[PDB]
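Asker: Mind having a look at this structure? Questions to follow.
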Amino acid sequence: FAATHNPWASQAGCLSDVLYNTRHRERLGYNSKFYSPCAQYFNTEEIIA
Amino acid sequence: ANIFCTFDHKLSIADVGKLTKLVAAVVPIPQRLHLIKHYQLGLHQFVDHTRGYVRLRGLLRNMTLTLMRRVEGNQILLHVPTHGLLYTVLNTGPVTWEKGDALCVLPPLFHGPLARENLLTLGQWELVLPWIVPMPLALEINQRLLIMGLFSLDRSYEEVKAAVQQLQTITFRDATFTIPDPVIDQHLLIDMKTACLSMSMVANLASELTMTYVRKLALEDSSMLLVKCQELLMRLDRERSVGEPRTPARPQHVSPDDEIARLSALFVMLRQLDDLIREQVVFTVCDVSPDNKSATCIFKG
Amino acid sequence: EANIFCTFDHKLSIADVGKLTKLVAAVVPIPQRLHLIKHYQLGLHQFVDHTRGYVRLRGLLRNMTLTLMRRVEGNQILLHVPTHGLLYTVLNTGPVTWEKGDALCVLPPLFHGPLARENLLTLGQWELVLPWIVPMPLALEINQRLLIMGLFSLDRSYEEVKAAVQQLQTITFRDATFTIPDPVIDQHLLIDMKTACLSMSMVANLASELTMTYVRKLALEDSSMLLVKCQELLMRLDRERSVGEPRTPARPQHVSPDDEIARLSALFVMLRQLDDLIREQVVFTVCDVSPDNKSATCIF
Amino acid sequence: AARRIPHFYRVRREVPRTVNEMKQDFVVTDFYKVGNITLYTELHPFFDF
Amino acid sequence: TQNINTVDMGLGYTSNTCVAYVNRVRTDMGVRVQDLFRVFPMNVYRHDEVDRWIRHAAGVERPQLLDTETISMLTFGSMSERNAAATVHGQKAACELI
């Protein structure tokens, strides 16, 4: 029942949302072979699905 | 030597009917298994936003191609071709064929077209098929997209916009296409970028290394050919440095770790071009069906 | 025609036929393409010569015919030349891993480093030496590396080229280290350098004026890591050429699409002419690889 | 040398510091981390190399 | 080839699973944070010497000589991180969020 517990993490354009979206990582030219834990948390596409 | 390819997903009988019209055409598969899931069939596993065309050509160069033979209730009977034996391939390519043509296989350029592969798709999977284009059209369209890639950096002026507008429109016997520009959102795709930068830097290191290396071999026995090589490079220097400042002071002494790095860099940057330099032929036709819907072609490769 | 019968002047004991019976589906070179052949010209033992030139062995081997070893039965060999196109199986002893998808070439063998010098056949003085079957990227890598060795090392004393080739002869390819034994210069290698210099002179000449300054444009536009390395290389070459500042490029005057098409098509012709020095044509296209990496099934 | 004490400073060039100075600026829990570079210099508690 | 197929002859849910027993952990609960220079090898700083000094002070090395593996890593992405020589603690994992 709070708005936001990390304002650098939950907006649509924060550093982490652009850092861990595979959409945004693909736009940034990332190494696809590496796996990160928090990428399952930020990717909104399967979240919507 | 037959392959079975099943679908995990529900298919309608109407999906079979819109599938069975592609009865004898080429598909790519990455490697030969006896039974393969359909998610590896077609280039859909590779095509995305930020790879580009040259990635598709490079991974198509080693993707093993397979003719389709039969459609069953759930599985597809694929038949791998063999060298020298004739087969029947349907012209799903956008260019008509004639008898005696030499055919190569190149990735399609109308990704997500108005046809949408005549609406053959699935949930998060559209079946995409590579174009079978005649060899001279293939090599010239490769050159055309590459010089489109060169002018993609300098798109400020308007005469370069008219030049690339000429570049989109292609001409062929009853065939005209608008070739898609590899630059999108004022930036080039990465594969065209590295291909064109490597080509230009190979030209640069050649132009600044050929004098010292023709000297190094011309200290040996000489011929007319190295003489005219040196004269040609003198023509290049006398038409090149007409505005550059005099006394550039190129030395005859240079430490070895420079030039071995220069030679190996030139060789690896030309080495990464031979996917687009050589056009490995894959087919020639011995008889064309009427209305060019299919052709009895002999396999090469 | 196809099945080629060889013989032996010497008898084979049980040890000899035992080490021959594990050589089935190994590729051996035959120089003659004849029927009733003899075992002294079999293999590379009549052609091997240390301190004579690796490139000579390479050229004669790529000129030699190839055949497959099957079914010894005692003083008989039954070499069978593989037909073009049909699937065959191969068995390599060259200590290099393979892959289900790549292609193959055939090269004169190097020393791996343990230095066994026993290829499991010796008849008196005569021995059997097998040509190494090498996957395509390692093949073009060793070809281009001997080409750099021949191209660089002219008119240099021994110490600078020694410091070059102690790190140039070594190649680490998929957890395996190889070194080239005989890099000695050849008249044939001189004609390779001749074709090399003429081809790079021609691509220096008819290249476009925008491609001569394209990396300067991409340098001024974007900074990437490989672009940083490319700017390092190109500006070091520029300051070895000229201490002046390289000027910025403007609107290019001579823009003509047919001109770029013609000059870059001739450029592609000349790059093909240069690459066909090192790009060897394939000899085997893999259908399957055995899990112990000893044998394979290749389509040729 | 008592007189030519500016003649060293007459040339205007940065001089590299010693590996002793490269060593002394490390805190005690970063001295053992792999980012520290002077570990090949210390071989003995009585002698510096 | 034997083509078999299943048909659920039960409505709702008729089969359950249960995670029950830990053999052991694959990872180590390590704290080696994710090396983002391996994740984004393409990006550099604009100025050159600040890029060199940051890579030197952070300990991350640059690719020395250009090869087809360097451009294949930069274009396609590959095994940039090399296997450690000794691993008594097994697989390792950590990543960072501000």
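A note on labels: chains of the structure tokens are A, B, ... as shown, every chain counts residues from 1, and ligands are counted from 1 in their shown order.
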Tell me as a list in words which residues belonging to chain E come within 10 Å of chain D, counting only C-alpha atoms.
Answerer: residues 56, 57, 58, 59 and 60 of chain E
Asker: For residue 47 of chain E, find every residue with an atom within 10 Å (counting only C-alpha atoms), except residues of its own chain fewer than 4 positions away, and show them as a VMD selection string.
Answerer: (chain C and resid 223) or (chain E and resid 51 to 52)
Asker: Could the residues in this selection be saved with C-alpha atoms as a compact mmCIF listing (two decimals), in the first residue's frame?
Answerer:
```txt
# COMPACT_ATOMS: atom_id res chain seq x y z
CA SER C 223 32.71 5.32 -30.65
CA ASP E 51 38.25 4.58 -20.77
CA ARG E 52 41.77 3.17 -20.45
```
Asker: Which one is closest to residue 74 of chain B: B:172, B:39, B:177, B:4? Count only C-alpha atoms.
Answerer: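 The shortest atom-to-atom distance to residue 74 of chain B comes from B:4.
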Asker: Compute the chain E side of the contact with chain A at 7 Å, counting only C-alpha atoms, and hand it back as a PyMOL selection string.
Answerer: chain E and resi 39-40+77-78+95+97
Asker: Could the residues in this selection be written to a file with N, CA, C and O atoms, as a PDB file, in the first residue's frame?
Answerer:
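Output below, filename result.pdb:
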```pdb
ATOM      1  N   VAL E  39      28.989  -8.265 -20.106  1.00  0.00           N
ATOM      2  CA  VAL E  39      27.607  -8.230 -20.568  1.00  0.00           C
ATOM      3  C   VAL E  39      27.442  -7.225 -21.693  1.00  0.00           C
ATOM      4  O   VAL E  39      26.713  -7.468 -22.659  1.00  0.00           O
ATOM      5  N   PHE E  40      28.121  -6.088 -21.594  1.00  0.00           N
ATOM      6  CA  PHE E  40      28.094  -5.060 -22.625  1.00  0.00           C
ATOM      7  C   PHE E  40      29.529  -4.796 -23.058  1.00  0.00           C
ATOM      8  O   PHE E  40      30.154  -3.819 -22.618  1.00  0.00           O
ATOM      9  N   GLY E  77      28.049 -12.364 -29.569  1.00  0.00           N
ATOM     10  CA  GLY E  77      28.070 -12.712 -28.166  1.00  0.00           C
ATOM     11  C   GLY E  77      28.386 -14.182 -27.947  1.00  0.00           C
ATOM     12  O   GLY E  77      27.794 -15.077 -28.546  1.00  0.00           O
ATOM     13  N   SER E  78      29.344 -14.424 -27.060  1.00  0.00           N
ATOM     14  CA  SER E  78      29.874 -15.765 -26.877  1.00  0.00           C
ATOM     15  C   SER E  78      30.416 -15.885 -25.463  1.00  0.00           C
ATOM     16  O   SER E  78      30.160 -15.039 -24.605  1.00  0.00           O
ATOM     17  N   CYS E  95      24.301 -10.594  -9.089  1.00  0.00           N
ATOM     18  CA  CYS E  95      24.008  -9.463  -9.960  1.00  0.00           C
ATOM     19  C   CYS E  95      23.497  -8.309  -9.114  1.00  0.00           C
ATOM     20  O   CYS E  95      23.071  -8.488  -7.969  1.00  0.00           O
ATOM     21  N   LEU E  97      21.659  -4.311  -8.456  1.00  0.00           N
ATOM     22  CA  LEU E  97      20.550  -3.407  -8.696  1.00  0.00           C
ATOM     23  C   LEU E  97      20.706  -2.229  -7.746  1.00  0.00           C
ATOM     24  O   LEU E  97      21.088  -2.406  -6.588  1.00  0.00           O
TER      25      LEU E  97
END
```
Asker: Under the rule of at most 7 Å, produce a per-residue listing of chain E near chain C: chain, number, name, the closest pair of atoms, and the distance in Å, as JSON lines, using only C-alpha atoms.
Answerer:
```
{"residue": "E:42", "atom": "CA", "partner": "C:225", "partner_atom": "CA", "distance": 5.3}
{"residue": "E:43", "atom": "CA", "partner": "C:224", "partner_atom": "CA", "distance": 5.8}
{"residue": "E:44", "atom": "CA", "partner": "C:225", "partner_atom": "CA", "distance": 6.0}
{"residue": "E:46", "atom": "CA", "partner": "C:223", "partner_atom": "CA", "distance": 6.6}
```
Asker: How would the residues just chosen look if you wrote them out with N, CA and C atoms as a PDB file, in the first residue's frame?
Answerer:
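Okay, this is what ended up in again_22.pdb:
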```pdb
ATOM      1  N   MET E  42      30.521  -3.905 -26.005  1.00  0.00           N
ATOM      2  CA  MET E  42      30.604  -2.939 -27.090  1.00  0.00           C
ATOM      3  C   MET E  42      30.887  -1.538 -26.567  1.00  0.00           C
ATOM      4  N   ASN E  43      30.304  -1.183 -25.428  1.00  0.00           N
ATOM      5  CA  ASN E  43      30.290   0.199 -24.977  1.00  0.00           C
ATOM      6  C   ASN E  43      31.638   0.623 -24.421  1.00  0.00           C
ATOM      7  N   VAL E  44      32.024   1.856 -24.742  1.00  0.00           N
ATOM      8  CA  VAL E  44      33.222   2.491 -24.221  1.00  0.00           C
ATOM      9  C   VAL E  44      32.862   3.904 -23.795  1.00  0.00           C
ATOM     10  N   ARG E  46      33.536   8.008 -24.087  1.00  0.00           N
ATOM     11  CA  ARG E  46      33.783   8.859 -25.246  1.00  0.00           C
ATOM     12  C   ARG E  46      35.252   9.235 -25.340  1.00  0.00           C
TER      13      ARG E  46
END
```
Asker: Please determine the contact residues of chain B with respect to chain A at a cut-off of 12 Å, counting only C-alpha atoms, and supply them as a ChimeraX atom specification.
Answerer: /B:48-51,124,185,187,189-191
Asker: With a cut-off of 12 Å, could you pull out the residues of chain B touching chain E and give me the nearest pair of atoms for each, distance in Å to one decimal, using only C-alpha atoms, ordered by chain and ascending number, as CSV?
Answerer:
```
residue,atom,partner,partner_atom,distance
B:3,CA,E:1,CA,11.2
B:4,CA,E:1,CA,9.5
B:5,CA,E:3,CA,11.8
B:6,CA,E:3,CA,10.0
B:8,CA,E:5,CA,10.6
B:34,CA,E:1,CA,9.3
B:35,CA,E:1,CA,8.7
B:46,CA,E:76,CA,11.3
B:50,CA,E:75,CA,10.5
B:51,CA,E:76,CA,8.6
B:52,CA,E:75,CA,11.1
B:54,CA,E:75,CA,11.4
B:55,CA,E:76,CA,9.0
B:56,CA,E:76,CA,12.0
B:58,CA,E:76,CA,11.6
B:59,CA,E:76,CA,11.2
B:73,CA,E:3,CA,11.7
B:74,CA,E:3,CA,10.0
B:75,CA,E:3,CA,9.9
B:189,CA,E:75,CA,10.8
B:190,CA,E:75,CA,7.3
B:191,CA,E:75,CA,7.5
B:192,CA,E:75,CA,11.0
B:193,CA,E:75,CA,10.4
B:194,CA,E:75,CA,8.6
B:195,CA,E:71,CA,10.8
B:198,CA,E:71,CA,10.7
B:257,CA,E:65,CA,11.1
B:258,CA,E:65,CA,11.3
B:260,CA,E:65,CA,10.9
B:261,CA,E:65,CA,7.6
B:262,CA,E:66,CA,10.2
B:263,CA,E:66,CA,11.4
B:264,CA,E:67,CA,8.4
B:265,CA,E:66,CA,6.5
B:266,CA,E:66,CA,10.1
B:267,CA,E:67,CA,9.6
B:268,CA,E:67,CA,6.4
B:269,CA,E:68,CA,8.2
B:270,CA,E:68,CA,10.6
B:271,CA,E:68,CA,8.3
B:272,CA,E:68,CA,7.3
B:273,CA,E:68,CA,11.1
```
Asker: Can you list, as a ChimeraX atom specification, every residue of segment 197-247 of chain B that DSSP puts in helix (DSSP H, G or I)?
Answerer: /B:197-218,224-240
Asker: Rounded to one decimal in Å, what is the spacing between atom CA of residue 131 of chain C and atom CA of residue 195 of chain C?
Answerer: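 Interatomic distance, atom CA of residue 131 of chain C to atom CA of residue 195 of chain C: 27.0 Å.
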Asker: What's the separation between atom CA of residue 230 of chain B and atom CA of residue 276 of chain C, in Å to one decimal place?
Answerer: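 Going from atom CA of residue 230 of chain B over to atom CA of residue 276 of chain C, I get 23.1 Å.
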Asker: Select, as a PyMOL selection string, those residues of chain C with any atom no more than 6 Å from chain B (distances computed using only C-alpha atoms).
Answerer: chain C and resi 85+200-201+204+211-212+241-242
Asker: Next, write the just-selected residues to a file, as a compact mmCIF listing (two decimals), in the first residue's frame, keeping C-alpha atoms as the atom set.
Answerer:
```txt
# COMPACT_ATOMS: atom_id res chain seq x y z
CA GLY C 85 29.03 -36.36 -53.79
CA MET C 200 46.31 -5.49 -52.89
CA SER C 201 47.65 -2.87 -55.32
CA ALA C 204 44.23 0.08 -53.46
CA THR C 211 35.66 4.04 -48.77
CA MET C 212 39.17 5.45 -48.44
CA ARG C 241 52.30 8.00 -42.94
CA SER C 242 51.95 11.69 -42.02
```
Asker: Excluding same-chain residues fewer than 6 positions from residue 107 of chain C, what lies within 9 Å of it counting only C-alpha atoms, as a PDB file with N, CA, C and O atoms, in the first residue's frame?
Answerer:
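Produced file around_12.pdb, reproduced below:
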```pdb
ATOM      1  N   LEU C  57      55.064 -29.349 -49.857  1.00  0.00           N
ATOM      2  CA  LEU C  57      54.228 -30.476 -49.464  1.00  0.00           C
ATOM      3  C   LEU C  57      52.756 -30.120 -49.551  1.00  0.00           C
ATOM      4  O   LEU C  57      51.935 -30.941 -49.969  1.00  0.00           O
ATOM      5  N   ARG C  58      52.418 -28.880 -49.198  1.00  0.00           N
ATOM      6  CA  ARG C  58      51.040 -28.417 -49.260  1.00  0.00           C
ATOM      7  C   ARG C  58      50.533 -28.373 -50.695  1.00  0.00           C
ATOM      8  O   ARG C  58      49.431 -28.856 -50.987  1.00  0.00           O
ATOM      9  N   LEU C  61      50.319 -31.948 -52.110  1.00  0.00           N
ATOM     10  CA  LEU C  61      49.232 -32.688 -51.490  1.00  0.00           C
ATOM     11  C   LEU C  61      47.883 -32.224 -52.007  1.00  0.00           C
ATOM     12  O   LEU C  61      47.019 -33.057 -52.306  1.00  0.00           O
ATOM     13  N   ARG C  62      47.695 -30.911 -52.168  1.00  0.00           N
ATOM     14  CA  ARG C  62      46.458 -30.430 -52.770  1.00  0.00           C
ATOM     15  C   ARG C  62      46.405 -30.748 -54.259  1.00  0.00           C
ATOM     16  O   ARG C  62      45.328 -30.712 -54.860  1.00  0.00           O
ATOM     17  N   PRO C 131      48.384 -37.589 -43.970  1.00  0.00           N
ATOM     18  CA  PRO C 131      48.037 -36.169 -44.019  1.00  0.00           C
ATOM     19  C   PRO C 131      46.948 -35.837 -43.018  1.00  0.00           C
ATOM     20  O   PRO C 131      45.954 -36.553 -42.880  1.00  0.00           O
ATOM     21  N   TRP C 132      47.158 -34.738 -42.304  1.00  0.00           N
ATOM     22  CA  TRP C 132      46.207 -34.287 -41.306  1.00  0.00           C
ATOM     23  C   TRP C 132      44.931 -33.791 -41.963  1.00  0.00           C
ATOM     24  O   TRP C 132      44.965 -33.071 -42.965  1.00  0.00           O
ATOM     25  N   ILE C 133      43.800 -34.200 -41.405  1.00  0.00           N
ATOM     26  CA  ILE C 133      42.500 -33.690 -41.810  1.00  0.00           C
ATOM     27  C   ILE C 133      42.094 -32.630 -40.805  1.00  0.00           C
ATOM     28  O   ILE C 133      41.983 -32.904 -39.605  1.00  0.00           O
ATOM     29  N   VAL C 134      41.885 -31.415 -41.292  1.00  0.00           N
ATOM     30  CA  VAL C 134      41.818 -30.240 -40.436  1.00  0.00           C
ATOM     31  C   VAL C 134      40.511 -29.514 -40.723  1.00  0.00           C
ATOM     32  O   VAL C 134      40.123 -29.392 -41.894  1.00  0.00           O
ATOM     33  N   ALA C 139      42.330 -24.548 -41.039  1.00  0.00           N
ATOM     34  CA  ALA C 139      43.033 -24.676 -42.312  1.00  0.00           C
ATOM     35  C   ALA C 139      43.329 -23.314 -42.928  1.00  0.00           C
ATOM     36  O   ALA C 139      44.468 -23.029 -43.326  1.00  0.00           O
TER      37      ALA C 139
END
```
Asker: Which residues come within 8 Å of residue 130 of chain C, counting only C-alpha atoms, excluding same-chain residues fewer than 5 positions away, as a list in words?
Answerer: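 Non-adjacent residues within range: residues 27, 28, 43, 44, 108, 109 and 119 of chain C.
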Asker: Determine, counting only C-alpha atoms, which protein, DNA and RNA residues have an atom within 8 Å of an atom of segment 10-20 of chain D; residues of the same chain fewer than 3 positions away are not included. Present the result as a list in words.
Answerer: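 The filter keeps residues 6, 7, 23, 24, 38 and 41 of chain D.
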Asker: For a test of reading the model, state the distance in Å between atom CA of residue 108 of chain B and atom CA of residue 12 of chain B, rounded to one decimal.
Answerer: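 We find that atom CA of residue 108 of chain B and atom CA of residue 12 of chain B lie 26.8 Å from each other.
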